[PDB]
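Student: take a look and give me a structure for this.
(2 chains)
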2 protein chains.
Amino acid sequence: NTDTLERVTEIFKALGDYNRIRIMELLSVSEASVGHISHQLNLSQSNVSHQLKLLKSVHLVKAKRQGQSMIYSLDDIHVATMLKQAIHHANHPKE
Amino acid sequence: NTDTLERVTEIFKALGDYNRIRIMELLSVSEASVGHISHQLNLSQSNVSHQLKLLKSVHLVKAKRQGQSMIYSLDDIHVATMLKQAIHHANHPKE
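Tutor: Numbers count the residues shown, from 1 in each chain, chains lettered A, B, ... in the order given. Sure, structure below:
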């Protein structure tokens, strides 16, 4: 036992609802309000607000203030590319 | 409209108990019986037999029969290397 493994346990633990990935995708490229993103993506603002919280508290996502409304957005392109690589291999080649 | 994503969902979903990673570690080095691993690895074999069950059905691990007892073992060294990279990067390049 130790703190090393315990860490790798936090990452996976951070994960929760699947829909989360959805927002992440749109976030990877784009920027809108807190509700707008919800309404459109046919989502109940009841959860949204709740969601961001966690992740944000996980150090995964980062928020930024500008005038009034807050616009989210990733700061570590690493995960962005990492996810693409995982999806790029989703289906092996052909043989 | 969720044939591609549904996949990435199965992966993360596959995960379950933490002790999992642990066993995987020892399983990614030496191969032993079902108990021995549980005994020496201070673990209630009650879960083991129950553990592999899942993963197996997930296609993550592949069992092997030869003689009598079945010795488990990975097949896609990819995951093994992938994990190493995750922990290898989990390094705070200072600051």
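Student: please enumerate the helices of chain A.
Tutor: A:4-14, A:19-28, A:34-40, A:45-58, A:77-89 (DSSP state H).
Student: which strands and helices sit next to the longest one?
Tutor: It refers to helix A:45-58. On a contact count with 3 or more C-beta pairs under 8 Å, 6 or more residues apart in numbering or on different chains; DSSP states H and E, helix A:45-58 meets helix A:4-14, helix A:19-28, helix A:34-40, strand A:62-65. C-betas here are computed from N, CA, C, even on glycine.
Student: thinking again about what came up before, the helices of chain A: which one's closest to residue B:58?
Tutor: Taking C-beta to C-beta, helix A:4-14 is the member of the helices of chain A nearest to residue B:58, at 14.6 Å.
Student: and the closest one, what does it pack against?
Tutor: With 3+ C-beta pairs under 8 Å, 6+ apart as the test, helix A:4-14 has helix A:45-58, helix B:19-27, helix B:77-89 packed against it.
Student: now those as a markdown table including mean neighbour count?
Tutor: Listed next are those as a markdown table, based on neighbours: other C-beta atoms under 10 Å in any protein chain shown:
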| stretch | mean neighbour count |
| --- | --- |
| helix A:45-58 | 14 |
| helix B:19-27 | 16 |
| helix B:77-89 | 12 |
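Student: who wins for proximity to residue B:40 among those?
Tutor: Minimum separation from residue B:40 across those (C-beta to C-beta) falls at helix B:19-27, 9.0 Å.
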